[PDB]
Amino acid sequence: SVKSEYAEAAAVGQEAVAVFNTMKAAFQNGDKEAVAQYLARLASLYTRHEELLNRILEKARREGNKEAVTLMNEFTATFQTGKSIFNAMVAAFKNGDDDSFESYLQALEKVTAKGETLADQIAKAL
C-alpha cells in the first residue's frame, strides 16, 4: 500500500539521519576521507528518498487523498530546502571551507528537525 511505501521511505530517511550523524562526528574529528565517503553515501540516499516521496505524492494524487497531497506538497517543498542546503555543504567540503560546512550542517539539522511533525502527520493521513 501507499502506507507501507511511506514506511519504506521513512526508513531510508532514518538511514540518512544515521549516516549524517556519523559524518558530523568524522567532520569534527578531521577525518576528511571518511567525510567524503559519507557524503557520497548521503547523496545516493537522498536521491532515493526524494524519488520514493515523489511516487507517494503522485499516488496520493491519483487516489484523490486531498489531505495527504497537501501535507506531502508541503513536505516535499521542505525536503528541497534540505537538499539545497546539503548540496551547499558538499560544495563547501570540496572548497575546503569548514566555516561554511559547519553552518550548512547546523541549518540542515534544523530544517530536518522542523519537518518531523509533518513527517508523522503524513503517516497518519495516507
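Whichever C-alpha set is largest while still superposing within 1.5 Å between the two forms counts as the rigid core. Residue numbers run from 1 along the displayed sequence.
After a core fit, the C-alpha atoms in 9 other deposited structures of this protein lie farther on average from the shown form in one of 99-107 and 113-121, namely 113-121. Of the two segments examined, 107-115 and 15-23, it is 107-115 that shows the higher average Cα temperature factor in the deposited entry. Stretches 97-105 and 69-77 differ in mean CA B factor, with 97-105 having the higher one. In the PDB entry, a CA B factor belonging to the lowest third of its chain's modelled residues is recorded for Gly82. Looking at the C-alpha B-factors along this chain, the one for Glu63 belongs to the lowest third.
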